[PDB]
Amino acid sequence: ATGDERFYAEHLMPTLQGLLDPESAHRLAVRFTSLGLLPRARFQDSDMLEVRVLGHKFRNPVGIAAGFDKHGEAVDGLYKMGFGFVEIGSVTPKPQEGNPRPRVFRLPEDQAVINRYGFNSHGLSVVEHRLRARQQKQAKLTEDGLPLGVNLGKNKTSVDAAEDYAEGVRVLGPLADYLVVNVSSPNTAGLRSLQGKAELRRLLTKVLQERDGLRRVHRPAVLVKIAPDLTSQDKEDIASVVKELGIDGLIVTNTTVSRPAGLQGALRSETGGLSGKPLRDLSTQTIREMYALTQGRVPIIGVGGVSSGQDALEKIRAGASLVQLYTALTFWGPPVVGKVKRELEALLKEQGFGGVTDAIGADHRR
């Protein structure tokens, strides 16, 4: 309800965030979500929100982005809050602790977060066993239109980046509906340089060879997640490699190392990736560019600063088939998920679209 949204947004979450620093709050949220405990959200998804892409049906196009459930501990609880799909990770091959604390910062006056977690990860083996313990349950959820994505990273000290990603394909590929090759974290030395043309072609050739070697019912789609901070040359190169190799999709975008003019939060000059509202339109414009460079033929998951139905529809009209959110959940709590879906349905009807599918890329056809 708007009453439930208001209680969370004006009383419960402001109070808890005043008592808990963001990393402690994040850990408590994941732990609590994993317990189930809470009933499924009220909103009932209508037919016009269904999307068929990446070889799967999505009951609604609003997902939880990577980095909230880094280790696969709260998947079922996230479906209960109404997300149409869940992405876990990033997961590294070996366990690692990430950067020293403090490493997460809130910018309440900007509705933004800065983080430098550094790929803290339980590692592939632990996550593999966690997902195996619910693998058949996930198979039924996927069949019912609730797919699962797994986001892969690399270890800090690894010498061969491509072998780190290949290991992730072999270990978690068989448990995923789609895999994400995350070459865009700002918080690992040298990672984003994997976005260049030659490095990217060789890396993605190896990743796709590994994927194709899996048995057919265990063969996921493969997407690449890119930064919002790329040059025009970088974007044309990514688009060329994606089409050359047959990559299945793109996730647009990760956090930004830029600091837009106008930020007010005291913590705006901390090192790390910036998320939330100051990222929104930079991400939407990157979606627009990548859709055009790929001729509308490559599915895009749009992410960055989504907290309303209007935010979601703007990314869909720019070229996204699905959207994700994270930072808005940390400020407004679970009710934001139903709010986005309710507003999106109303806007689709007001703008004369028969459903989400009809609106994908519509800005490009004006």
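We call the rigid core the largest set of C-alpha positions that still match within 1.5 Å between the two forms. Numbering starts at 1 and runs along the sequence shown.
Annotation: of the segments 196-204 and 274-282, 196-204 departs further from this form in 9 other deposited structures of this protein (C-alpha atoms, root mean square over structures and residues, core superposition). Between 62-70 and 39-47, the larger mean CA deviation from the shown form in 9 other deposited structures of this protein, after core superposition, belongs to 39-47. Across the two stretches, 227-235 and 274-282, the PDB entry reports the greater mean Cα temperature factor for 227-235. Relative to one another, 200-208 and 123-131 have unequal mean CA B-factors, and 200-208 is the one with the higher figure. Ranking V169, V242, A261, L148 by the C-alpha B-factor listed in the PDB entry places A261 at the top. The top Cα temperature factor in the record, among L313, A41, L325, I301, falls on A41. Per-chain ranking of the deposited C-alpha B factor places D164 in the middle third. For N155, the recorded CA B-factor ranks within the middle third of the chain. Only modelled residues enter the ranking. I360: CA B factor in the lowest third of modelled residues in this chain (values from the PDB entry). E143: CA B factor lies in the highest third for its chain, per the PDB record. Sorting the modelled residues of the chain by their CA temperature factor places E73 in the highest third.
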